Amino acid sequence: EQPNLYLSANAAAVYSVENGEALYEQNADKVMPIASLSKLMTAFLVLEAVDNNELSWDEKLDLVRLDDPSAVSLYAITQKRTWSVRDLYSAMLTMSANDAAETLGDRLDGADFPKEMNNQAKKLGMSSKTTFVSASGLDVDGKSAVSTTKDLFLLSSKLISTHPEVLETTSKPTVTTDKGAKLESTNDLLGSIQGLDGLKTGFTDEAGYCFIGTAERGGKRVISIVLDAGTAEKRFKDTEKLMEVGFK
């Protein structure tokens, strides 16, 4: 019926976008920490704001300071405080810059941005098992962003169908910002899996190594979800297996 895969991931799935069919599921209903996968919801809300004439790509914003030393940040590697919304959006999606994400959320709704993330989750049809806590996906006061592979499929599918141009950014192995700095994608499978054009990585000790992949072949798009794989390499090895199933 559905194949017998041996994955590192503790929860994993791959789905057909066209009709929603699950082609493989493992712990698909299990609530899991999702870390920087949260940035897909922040991206959705940024893209909505621009379409709705509520945000401009050329607004210049100041990077928020992170109190977490170990968190990936745009400021740490550039020492530049002020960036365009375009460049912050690119940094968030490409290198998983937590400060860029927090800065965008602040601009959109101040301290109430997590409430807007969860409002959008509901509006889009995600289940009660999903809760966002921050624009970046960094923990807040001991609370973690969590979801399921089923809900992450829905978020990713809605993001891609509503804003197909997101893949213009997530398909790039390197992004040259408008400021000038070049940012490197965390998606190591770009150029390794034919048709793969997204979507987003995540990693903390608690969440393990995570990846939402998407690829289109012959007019058929699939979305793969990998949560809590054991190494960075393993999340992508798992994704290779899921993509094989997805296009079988």
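Whichever C-alpha set is largest while still superposing within 1.5 Å between the two forms counts as the rigid core. In case it trips you up, residue 1 is the first one in the sequence shown, and so on.
- When the other structures are laid on the shown form by the rigid core, the stretch among 179-187 and 204-212 with the greater C-alpha deviation in 4 other deposited structures of this protein turns out to be 179-187.
- Once the rigid core is used to overlay the structures in 4 other deposited structures of this protein, the stretch among 84-92 and 123-131 whose CA atoms lie farther from this form is 123-131.
- Taking only CA atoms, the mean B-factor in the PDB entry is higher for 112-120 than for the other of 156-164 and 112-120.
- If you average the C-alpha B-factors over 87-95 and over 167-175, the higher value belongs to 167-175.
- Based on the entry's C-alpha B-factors, the most elevated value among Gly219, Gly202, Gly198, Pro33 belongs to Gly219.
- The residue among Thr214, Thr186, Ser56, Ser38 whose C-alpha carries the highest B-factor in the deposited model is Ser56.
- Ranked against the other modelled residues of its chain, the C-alpha B-factor of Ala22 as given in the entry falls in the middle third.
- In the PDB entry, a CA B factor belonging to the highest third of its chain's modelled residues is recorded for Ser128.
- In this PDB entry, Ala232 carries a Cα temperature factor that places it within the highest third of its chain's modelled residues.
- Residue-level temperature factors show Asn10 in the highest third of its chain, judged at the C-alpha atom.
- When the modelled residues of the chain are ordered by their C-alpha B factor, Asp141 lands in the highest third.
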